[PDB]
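Trainee: Experimental structure below, sequence on top.
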Amino acid sequence: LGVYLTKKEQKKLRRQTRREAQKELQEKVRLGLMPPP
RNA sequence: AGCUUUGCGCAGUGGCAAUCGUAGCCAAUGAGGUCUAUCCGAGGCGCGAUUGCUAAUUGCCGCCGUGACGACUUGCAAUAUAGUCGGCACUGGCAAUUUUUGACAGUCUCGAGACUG
């Protein structure tokens, strides 16, 4: 059994997926975990 | 035991300039139709931000000459140099052949010599 989802549920998922990742990386450079880009 | 094809997720590489989102609405109970209408087939409207940055940037080393102190070598004007060494004083002097602060271009001949701008 499978659910599909619409265009607007792709954006929201793609953006809220991307946002969490980049901001988490942002702190890593602040905290000095990661050499600064 | 390899190969192919579809969807999603995570990355690297190339190109394009309108994208993205909606606690708002309408929409297979049919959104939208200039074309063929007993036809087509899925988003449209309204609103707001391409979204964060990076590049940052600007208003103390030599000689000679003179004076004199001390010391040594010898006769002392009661009186200081007869000669040598040590150092101080002088907006003193110093730079066109011999040797450490000054000359280049090329040819030929037997380290040297001759010539050619």
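Mentor: Ah, there it is. Numbering: from 1, shown residues only, chains lettered A, B, ... in the order given.
Trainee: do you know how far residue A:36 is from RNA strand B?
Mentor: Going from residue A:36 to RNA strand B by CB to the nearest atom of the strand, to the nearest Å gives 9 Å. Every C-beta, even on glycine, is put in place using the N, C-alpha and C of the backbone.
Trainee: Give me the secondary structure label for the residue nearest to that residue when sequence neighbours are not counted.
Mentor: Spatial nearest neighbour of residue A:36, excluding adjacent residues (CB to CB, 6 or more residues apart in numbering): residue A:29 at 5.1 Å. Three-state assignment for residue A:29 (DSSP: H, G, I helix; E, B strand; the rest coil): helix.
Trainee: Pretty sure residue A:29 sits against residue A:37.
Mentor: Yes - assessed by CB atoms under 8 Å, residue A:29 is found in contact with residue A:37 at 6.9 Å.
Trainee: between these two, who's got more neighbours?
Mentor: residue A:29 (12 against 5; other CB atoms under 10 Å).
Trainee: And the residue nearest to residue A:36, how close does it get to residue A:15?
Mentor: 21 Å (CB to CB, to the nearest Å).
Trainee: same check, this time on residue A:22
Mentor: On the measure of CB to CB, residue A:22 and residue A:15 end up 11 Å apart.
Trainee: Residue A:28: neighbouring residues, count only.
Mentor: 13.
Trainee: quick one: it and residue A:10, what's the gap?
Mentor: Counting by CB to CB, the gap from residue A:28 to residue A:10 is 27 Å.
Trainee: now residue A:29
Mentor: According to CB to CB, residue A:29 and residue A:10 sit 29 Å apart.
Trainee: Check residue A:27 too.
Mentor: Distance from residue A:27 to residue A:10, by CB to CB: 27 Å.
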